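Visitor: Mind having a look at this structure? Questions to follow.
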Amino acid sequence: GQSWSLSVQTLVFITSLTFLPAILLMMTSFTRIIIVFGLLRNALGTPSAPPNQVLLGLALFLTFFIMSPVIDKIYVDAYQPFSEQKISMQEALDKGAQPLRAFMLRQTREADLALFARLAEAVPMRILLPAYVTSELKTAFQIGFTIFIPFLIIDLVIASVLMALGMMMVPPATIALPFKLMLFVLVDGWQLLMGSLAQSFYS
Amino acid sequence: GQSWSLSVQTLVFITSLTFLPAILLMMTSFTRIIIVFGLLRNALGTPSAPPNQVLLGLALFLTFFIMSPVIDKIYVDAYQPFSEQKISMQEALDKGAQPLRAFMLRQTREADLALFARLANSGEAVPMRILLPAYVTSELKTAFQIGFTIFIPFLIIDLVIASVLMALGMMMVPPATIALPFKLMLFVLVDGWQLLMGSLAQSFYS
Amino acid sequence: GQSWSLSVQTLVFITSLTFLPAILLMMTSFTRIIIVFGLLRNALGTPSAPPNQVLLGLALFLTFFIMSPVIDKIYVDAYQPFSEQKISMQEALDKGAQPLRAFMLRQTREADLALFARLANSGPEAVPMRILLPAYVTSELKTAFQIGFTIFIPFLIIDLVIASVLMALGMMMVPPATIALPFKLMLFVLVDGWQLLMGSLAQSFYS
Amino acid sequence: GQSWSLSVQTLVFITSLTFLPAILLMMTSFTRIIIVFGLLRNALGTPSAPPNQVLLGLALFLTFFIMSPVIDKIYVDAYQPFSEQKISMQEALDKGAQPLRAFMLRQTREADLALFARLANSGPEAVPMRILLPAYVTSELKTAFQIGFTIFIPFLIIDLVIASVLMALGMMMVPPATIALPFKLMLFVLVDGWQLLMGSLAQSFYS
Amino acid sequence: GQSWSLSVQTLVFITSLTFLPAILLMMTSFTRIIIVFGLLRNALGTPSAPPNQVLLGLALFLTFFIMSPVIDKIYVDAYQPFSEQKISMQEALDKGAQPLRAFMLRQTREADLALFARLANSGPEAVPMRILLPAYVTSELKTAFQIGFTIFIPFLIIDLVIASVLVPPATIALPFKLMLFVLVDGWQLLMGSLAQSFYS
Amino acid sequence: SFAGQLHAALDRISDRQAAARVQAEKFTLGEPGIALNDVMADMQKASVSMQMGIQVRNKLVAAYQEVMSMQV
Amino acid sequence: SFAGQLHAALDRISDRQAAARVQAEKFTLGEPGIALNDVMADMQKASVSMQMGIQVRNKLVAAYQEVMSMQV
Amino acid sequence: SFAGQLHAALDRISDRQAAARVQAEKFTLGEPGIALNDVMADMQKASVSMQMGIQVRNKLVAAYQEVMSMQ
Amino acid sequence: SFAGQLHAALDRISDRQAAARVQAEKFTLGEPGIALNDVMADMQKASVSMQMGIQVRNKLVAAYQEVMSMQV
Amino acid sequence: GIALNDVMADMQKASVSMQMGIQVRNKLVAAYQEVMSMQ
Amino acid sequence: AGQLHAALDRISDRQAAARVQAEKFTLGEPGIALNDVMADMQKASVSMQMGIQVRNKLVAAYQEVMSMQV
């Protein structure tokens, strides 16, 4: 294979930064995390209690902490023999994006790639990306449900108790929010939470 | 034979690269999808639950998968007789826009064709003008016709959970905070997207 | 009648190509259509349900369909003698603005014209272009609101009746809109709202 | 006395044409009208109900019609001598900008003029440029809102009364604005809205 | 040891200043205050009764006050040595961000560095900047929830004792809560406990 | 009245251009009475006037676009 | 029928350009009948026509984008 | 697919530019076969090809940007 | 890591400009030992490197601002 | 009199001072506005 | 403000002086020597060029200032 000139090299390089936000952050890395966070905040019955400019940043740091092996492999085996000019761009790009796909193929559904192969180990890029976004969503929701369960239990139990305490016209939201907050902060909420996230996304 | 020079050819190509993407995505192939995604998102009682970028990317890939046969016909019958300059641009344009006209002419409710016809006062291979809005309207009809059936199950869930919550004499309690988890559970338990997109495409499949 | 040279005709033509589309669409032919579309979309209870780039194409194809007669008159009476050099650009402009002027005159209100006359302080169809155009913009944007509210009426009816039905069933803690929206869309598509809407609007403009 | 040359005349004329928009439209002529229009658009409960283009065009036709007499007097006193080489530019600028200041001096409130006096320490009609232009900008800002409040009040009353009559029926969960918008447009049409609006704005700018 | 040219120096200046909202003011200064503001606002049962545009300003004016020693030491021991010209832009930023790291260590829990380091997966003081900041924001969320629940308790007791008389209780109770809150003047003791817990 | 003055300016330009063109024409035929040092100057003056006109147009359309681009 | 008008305009432009180029070829090849005052006089008219075309293109495209970017 | 066309365009621009460059280099060494009227044409053609490429890229990028900002 | 890459690229783009400045200095003295076209090309190379740097800056800032401007 | 280019040099220096100040002011007020807007 | 007026007037004067001198030389006057007029006209042209350059710079600066998103 030939080698691209400097003009087209810098062209494609400056261009890739345009696709960078979507292709790196949304359909590849952590959309599950932001979906989980939005769900969870909708579960505390208080929209935008922690501002989004904190949760988004924490999600970015989390995804840079959970993509250590893939960025490691890419960095070494691509940029190490490319910063010393031993391999061509149009081939180093693929040799670097190979282990990223090897990571993708582990978090997609073990069956959905078929459901995108009909509608269409070494599956192409056109098929995997949607067949991976869909099966990242279908598990982000499956995790959000488990997150919702305990707060729903708390709300139901406090409603049943206050009803057994003989009162019908009191809104349990204000009387139950402090209990949710104290139980979530007493059980090491964010620590165990991050931990479970990294473990289910990493294993 | 008449033709176009190279300068005006590249000029009209660069020009079409402005209109073609925006509207030939909007008013041609997939405006019948993003409306459904919006109605779904509104149905789950959780606005902007999936980020708009993910939805607008999934719709784009879905429409680049619904547009396999049309784009393939266009590619062959246009480029293979033109990419090696075996035909004039001015006629290859029509010979390549024919399949799009056919695909449009399939997905269309005649009422709008008749409306616009009786409007423009004309008197069978319809022209470009009289077909386009009569197709956009016939798409916007079935869009809502699908969205309502999408709304039906979650509406039923909300109603039944509200009735059950009212049966226990607990009138003062927000229903949505309890409905949302059950909604997401029933959704993910019935293979939500692999059936949603599937039914959508297979309905777009006539 | 004289005639401008070919070094200023092209100049004024290119210059008018800047204004003509934007301004002579926003305040000359169709500004009652996008207002009605926006009000209807805000009436469905689902803002930005159809993308803002779809409506802006339909509301323009409707325009290029309703402007058949006046653009036909302009085309014949201006181009047909011009392209064969029997008239002058300086005269072609006026003889082509004549029929559009009459069409615009048909649509304006009664009192607004005389009000703008006072506001310009001119004595006593031969109305000028300087004072007719705003008396038309106002006559358009005042009747677009009437059409819009007439469109609103049934959706308000549906919302009120579904709210009353939900309340009379003894369920106070239920959001009405989340139950109203599907019935709104179903009633809309049940009577072919788009077709009859676009048709009655274009026919009203025609009359 | 003496005058300039043709080159520098064209130079300063083109530079003035460059300055024209910001230096004459935003801070000398009608900056109250667009603020009134914006506050109205926010009062109807529907941001961007009409497009910004038609409103910005109407607020320009209106200010042309309002400034007609001042621009007429300036036209006479500036062009009529200068079209036939009677006066020089270095005096034409003063003789033209004098009656414009005679107009712009009424709207200004002398309290703010004294505040800019304290700001520039000028000895005590014939007020120079630097101490006057902001004394007009701020005195127009301080009156645009006093008109906008008068505009708002009826719509606020409508919203409050519809909210109260709604709450009085046991529907404490349905938002009132969804029902208010139709009645708001209905009332804004039923009272000959836009013509009366413009006319009252003009007269209130007059005296 | 050499400094940077003027072009790249002002470029880094503008760029590092562009980080202003999130990574400089939102996760270092007042990610604790506004969460408590929202919690307390919803505690009163009147969401968005005071305009948010006055609450954010008050929070910003408070977090500027509560970060006076750090920013003052940074000014003194950076902008004088910088205009002393014996220091370089990179060395300036590092030696001036060191007290930021000390302050960060002042408000992180007794075993959060461990989790975020094992996540950073590096052998065990001497903690880089990438480990501290998220480990900072996490403990910030924890302590903010804690103080918020502390403030929640008394108003919950008030709601209970006014509702236990039996009729909408919240409507007729809102003025009582507001009256007790203005009688106790919760702002002063609130801001005092806030500062005293922020130094810990 | 504003279109009137615009037409007046356009006529002031076009009449000078037509005079220069007619002079060049009636000179290239060899007709006696026209000189080179006249047609050249007339040409140059017409070109300068056209340049002034196009500059005025450009400034005015830029100002109008800036005005209509604002947000009310 | 506006697309037909645009097709006719583009046809006229490309016809003028191709005719000028064919005249240029028939000149430089050595054939008789061209005199360097027809090829060099049309290599400017064709360019001016192309410039008019691209100017109208730019104006129409900008107006279309402004329209479709309305705050509806 | 569609990435094939990207590769085709990029490796049809890069090879043209490299051919023009190696021709200019073999010329500046005085190697017999170049005449200073063949390198200029190839250089200008490579320039206009690169210009067309970056114009297509600008159009496609702006379109994809306007698409991803919808609702 | 990646945090080092920031000021790595910064000093890599600053040292070239420092060398260019020292070359321009030791040339503008009239000193024999430095070529004119040498520094004239080196300055252009430094300028294009600076352009590349500010373009990458703009792209990265735009991306980071766009991703941090959504609803989680 | 004055030296030859130092007039244009001072004009360029004032221009770049205006530029730097305007960029700083714009970025700072934009950050302040985008921080002062939330729930 | 109130000083650039004087600068434009000085440019007008530097132009009008050389212009009047030229118009006095051609019309048969034994007062000029064909060398003062040329140098003075060139100097006037240079002055006018400097003036229009300063105007361009000031207009650019003002347009940059006003076009900011405050």
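No value in this document is a laboratory result; all are computed from the given coordinates. Positions of Cβ are backbone-derived with ideal geometry, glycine not excepted, and every protein chain shown enters the neighbour counts.
Visitor: Quick one: which of E:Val54, E:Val70, E:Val76 is of a type in the set (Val, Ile, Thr), surrounded by fewer than 13 Cβ atoms within 10 Å (Cβ to Cβ) and more than 14 Å from chain J (Cβ to nearest Cβ)?
Guide: Answer to the check: E:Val76.
Yes/no matrix, rows are residues, columns are (1) among the aromatic types (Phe, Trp, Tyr); (2) under 30 Å from I:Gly4 (Cβ atoms):
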| residue | (1), (2) |
| --- | --- |
| E:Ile14 | no, yes |
| E:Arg32 | no, no |
| E:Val36 | no, no |
| E:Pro51 | no, no |
| E:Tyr75 | yes, yes |
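Residues checked against (1) within 30 Å of D:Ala180 (Cβ to Cβ); (2) within 18 Å of the chain's Cα centre (by Cα):
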| site | (1), (2) |
| --- | --- |
| D:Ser7 | no, no |
| D:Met26 | no, yes |
| D:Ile33 | yes, yes |
| D:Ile71 | no, yes |
| D:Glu91 | no, no |
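Visitor: Then there's this: Can you tell me which of H:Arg57, H:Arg16 is buried (at least 16 other Cβ atoms within 10 Å of the Cβ) and closer than 30 Å to B:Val54 by Cα?
Guide: Of H:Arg57, H:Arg16, the one residue that is buried (at least 16 other Cβ atoms within 10 Å of the Cβ) and closer than 30 Å to B:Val54 by Cα is H:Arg57.
Visitor: Residues that are of a type in the set (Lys, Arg) and at the interface with chain D (Cβ under 8 Å from one of its Cβ atoms): does the stretch C:134-148 have at least one?
Guide: yes
Visitor: Out of (1) more than 10 Å from chain D (Cβ to nearest Cβ); (2) part of a helix (DSSP H, G or I), the odd one out for K:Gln15 is which?
Guide: Unmet for K:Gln15, out of (1) more than 10 Å from chain D (Cβ to nearest Cβ); (2) part of a helix (DSSP H, G or I): (1).
Visitor: May I pose another question? Only one of B:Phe182, B:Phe154 is part of a helix (DSSP H, G or I), more than 12 Å from chain A (Cβ to nearest Cβ), aromatic (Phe, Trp, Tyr) and under 32 Å from the mean Cα position of the chain (by Cα). Can you tell me which?
Guide: Result: B:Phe154 is the single residue among B:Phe182, B:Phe154 that is part of a helix (DSSP H, G or I), more than 12 Å from chain A (Cβ to nearest Cβ), aromatic (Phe, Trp, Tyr) and under 32 Å from the mean Cα position of the chain (by Cα).
Visitor: Condition first: part of a helix (DSSP H, G or I), over 33 Å from the mean Cα position of the chain (by Cα) and more than 11 Å from C:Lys184 (Cβ to Cβ). Now tell me which residues in the stretch C:154-169 satisfy that.
Guide: C:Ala163, C:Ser164, C:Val165, C:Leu166, C:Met167, C:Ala168
Visitor: Going by what's in this entry, would A:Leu44 be described as under 30 Å from A:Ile175 (Cα atoms) and either within 12 Å of chain I (Cβ to nearest Cβ) or surrounded by fewer than 19 Cβ atoms within 10 Å (Cβ to Cβ) (or both)?
Guide: Answer is yes for this residue.
Visitor: I would also like to ask the following. Residues B:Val173, B:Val160, B:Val188, B:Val164: which one is closer than 26 Å to A:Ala164 by Cβ and buried (at least 19 other Cβ atoms within 10 Å of the Cβ)?
Guide: Of B:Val173, B:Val160, B:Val188, B:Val164, the one residue that is closer than 26 Å to A:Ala164 by Cβ and buried (at least 19 other Cβ atoms within 10 Å of the Cβ) is B:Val173.
For every residue, the table says whether it meets (1) surrounded by fewer than 18 Cβ atoms within 10 Å (Cβ to Cβ); (2) assigned to a helix (DSSP H, G or I); (3) of a type outside the set (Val, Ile, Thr).
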{"position": "C:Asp94", "(1), (2), (3)": "yes, yes, yes"}
{"position": "C:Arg118", "(1), (2), (3)": "yes, yes, yes"}
{"position": "C:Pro134", "(1), (2), (3)": "no, yes, yes"}
{"position": "C:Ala144", "(1), (2), (3)": "no, yes, yes"}
{"position": "C:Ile179", "(1), (2), (3)": "no, yes, no"}
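Visitor: Let me ask something else. Please work out which one of (1) facing another protein chain (nearest Cβ under 8 Å); (2) surrounded by fewer than 18 Cβ atoms within 10 Å (Cβ to Cβ); (3) of a type in the set (A, V, I, L, M) is the condition D:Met67 fails and give its number.
Guide: Result: D:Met67 fails condition (1) only.
Visitor: Going by what's in this entry, would A:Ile149 be described as surrounded by fewer than 18 Cβ atoms within 10 Å (Cβ to Cβ), aliphatic (A, V, I, L, M) and closer than 30 Å to A:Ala173 by Cβ?
Guide: yes
Visitor: Taking the stated definitions as given, is K:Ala6 assigned to a loop (DSSP other than H, G, I, E, B), among the hydrophobic types (A, V, I, L, M, F, W, C) and exposed (fewer than 14 other Cβ atoms within 10 Å of the Cβ)?
Guide: no
Visitor: Moving on to the next point. Being over 23 Å from B:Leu24 (Cα atoms), surrounded by fewer than 18 Cβ atoms within 10 Å (Cβ to Cβ) and more than 11 Å from chain G (Cβ to nearest Cβ): is that true of C:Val76 here?
Guide: Yes, satisfied.
Visitor: Return the total of residues in the stretch D:181-192 being more than 8 Å from chain C (Cβ to nearest Cβ) and either crowded, with 18+ Cβ neighbours inside 10 Å or in a helix (DSSP H, G or I) (or both).
Guide: Looking only at that region, the number is 4.
Visitor: Moving on. Applying the selection to the stretch D:23-37, what residues are within 8 Å of chain F (Cβ to nearest Cβ) and either surrounded by fewer than 20 Cβ atoms within 10 Å (Cβ to Cβ) or in contact with a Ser or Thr (Cβ under 6 Å, 6 or more places away or on another chain) (or both)?
Guide: Selection gives D:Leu25 alone.
Visitor: Going residue by residue through the stretch D:89-103, is there one that turns out to be more than 14 Å from chain C (Cβ to nearest Cβ) and more than 20 Å from D:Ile23 (Cβ to Cβ)?
Guide: Looking for residues that are more than 14 Å from chain C (Cβ to nearest Cβ) and more than 20 Å from D:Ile23 (Cβ to Cβ), one finds at least one in the stretch D:89-103, hence yes.
Visitor: Checking C:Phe149 against (1) buried (at least 20 other Cβ atoms within 10 Å of the Cβ); (2) within 17 Å of D:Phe64 (Cα to Cα): exactly one of these is not met. Which one?
Guide: (2)
Visitor: Write out, first by first residue and then by second, each pair whose Cβ atoms fall under 8 Å of each other, whose residues are 6+ apart or on separate chains, and whose first residue, in the stretch C:118-131, is of a type in the set (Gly, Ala, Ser) while the second is part of a loop (DSSP other than H, G, I, E, B) and surrounded by 10 or more Cβ atoms within 10 Å (Cβ to Cβ).
Guide: From the stretch C:118-131, the pairs are C:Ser122/C:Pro128.
Visitor: Name the residues in the stretch F:49-69 that are under 12 Å from the mean Cα position of the chain (by Cα), within 10 Å of chain D (Cβ to nearest Cβ) and either of a type in the set (A, V, I, L, M) or not in a helix (DSSP H, G or I) (or both), would you?
Guide: Within the stretch F:49-69, F:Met52, F:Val56 qualify.
Visitor: Just for the stretch A:90-143: of the residues that are part of a loop (DSSP other than H, G, I, E, B) and surrounded by fewer than 16 Cβ atoms within 10 Å (Cβ to Cβ), which one is farthest from the other protein chains (Cβ to nearest Cβ)?
Guide: So the residue we want is A:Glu121.
Visitor: Against the definition (among the aliphatic types (A, V, I, L, M) and within 17 Å of the chain's Cα centre (by Cα)), how does G:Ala35 come out, yes or no?
Guide: no
Visitor: What about D:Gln2, is it more than 19 Å from D:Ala202 (Cβ to Cβ) and not in a helix (DSSP H, G or I)?
Guide: yes
Visitor: Within the stretch A:73-89, is there a residue that is within 21 Å of the chain's Cα centre (by Cα) and farther than 24 Å from E:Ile33 by Cβ?
Guide: Yes.
Visitor: Further question on the same structure: I want to confirm something. Restricting to the stretch G:19-47 and keeping residues that are surrounded by 12 or more Cβ atoms within 10 Å (Cβ to Cβ) and of a type in the set (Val, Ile, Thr), which single residue is nearest to G:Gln5 (Cα to Cα)?
Guide: So the residue we want is G:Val39.
Visitor: Determine, yes or no, whether I:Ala24 is assigned to a helix (DSSP H, G or I), closer than 30 Å to A:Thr28 by Cα and of a type outside the set (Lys, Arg).
Guide: Here the answer is no, as I:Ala24 does not meet what is asked.
Visitor: Determine which single condition C:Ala144 fails, assuming it passes every other condition in (1) touching a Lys or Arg at 6+ places or on another chain (Cβ under 7 Å); (2) within 29 Å of D:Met67 (Cα to Cα).
Guide: The one condition C:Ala144 does not meet is (2).
Visitor: Sort out which residues of the stretch B:7-36 are of a type in the set (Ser, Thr, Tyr), within 7 Å of another protein chain (Cβ to nearest Cβ) and within 21 Å of the chain's Cα centre (by Cα), and write them in order of number.
Guide: Listed by number, the residues that qualify are B:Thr18, B:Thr31.
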